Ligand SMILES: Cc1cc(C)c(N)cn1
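In structure tokens, one chain follows: the form solved without the ligand.
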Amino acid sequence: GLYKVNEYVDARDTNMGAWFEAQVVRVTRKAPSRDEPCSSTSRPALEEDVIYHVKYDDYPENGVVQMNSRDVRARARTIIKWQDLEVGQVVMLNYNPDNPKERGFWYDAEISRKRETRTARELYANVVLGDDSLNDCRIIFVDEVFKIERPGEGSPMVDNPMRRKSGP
């Protein structure tokens, strides 16, 4: 457990498929450790199959939930503008899978098309859900869409914290 008691990282829930910036408040090992970590708690890995006790800052009412490193990724603090959106590029946006024209839970989208008119910069992308995907959906949220953190290209949140708290 390498994440600290003040480590608010982006916990991608696999079940609903939605990203939520969750606050790591405790790390525990898959070895006998239910309380505050002790007795040589040095347990790193490539993808740590150890239990990060996080709290969705997007839904504080969920309280402390258990998520592993494979589940909790670093929130890449980079808002991608329309002109930086390009074909093949996957980016995370506040998206309602009930209505693409309204915001909701943070999902992925692979940019398929981009066409600006003098009334608005219009975007159409394959919005990637839990394991599913929604090809050619209007991306209204081009002003506030973040990037997916790639191997090397993934910039960490060292600058001003977001902690978007997506819980309408």
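From 1 onward, residues are counted along the sequence shown.
Beyond what is shown, the protein has a form solved in complex with the ligand; the following relates to that form.
- The ligand is not shown here, and in the entry with it bound it never comes within 4.5 Å of any heavy atom of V72.
- Contact annotation for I80: none of its heavy atoms lies within 4.5 Å of the ligand in the entry with it bound.
- The closest heavy atom approach of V91 to the ligand in the entry with it bound falls outside 4.5 Å.
- Remark: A76 counts among the residues lining the ligand in the entry with it bound, judged by a heavy atom distance of 4.5 Å or less.
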